[PDB]
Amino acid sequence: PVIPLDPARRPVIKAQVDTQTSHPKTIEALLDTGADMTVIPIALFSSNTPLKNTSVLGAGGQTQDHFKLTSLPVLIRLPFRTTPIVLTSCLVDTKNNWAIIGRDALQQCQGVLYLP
């Protein structure tokens, strides 16, 4: 599909996300060219999982507490696809605000921006 860009309407997709630490789950995620890596809500992992430290640069400056990195890879299936995006690791949002599909995932779908 061709997603039109529109400031009043976030470009979101339904994705099945597999932490390999609890059963896979379908969540609504923001499609986001301005993200180097994907972001997944901490809520989707067993509250018993190890997670590495990491620093992320956000609109409000560097943060060292807010995102962890995953110990295991994460598989992500998009609508109508058997074959999963595979992410060596990705970011975990400690406050459960965000689900963001980033440039890592989008490379593996071979998504592009197009400016006419």
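Residue numbers run from 1 along the displayed sequence.
S.K.: Given the B-factors recorded for C-alpha atoms, which segment has the greater mean, 80-88 or 31-39?
M.R.: Comparing 31-39 with 80-88, the higher mean C-alpha B-factor belongs to 80-88.
S.K.: Averaged over C-alpha atoms, is the B-factor higher for 98-106 or for 20-28 in this PDB entry?
M.R.: Higher of the two, by average CA B-factor, is 20-28.
S.K.: Quick check on the deposited entry: does the C-alpha B-factor of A59 sit in the lowest, middle or highest third of its chain?
M.R.: Highest third, going by the recorded CA B-factors of the chain.
S.K.: Ranking the modelled residues of this chain by C-alpha B-factor as given in the entry, is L72 in the lowest, middle or highest third?
M.R.: Middle third - that is where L72 ends up once the chain's C-alpha B-factors are sorted.
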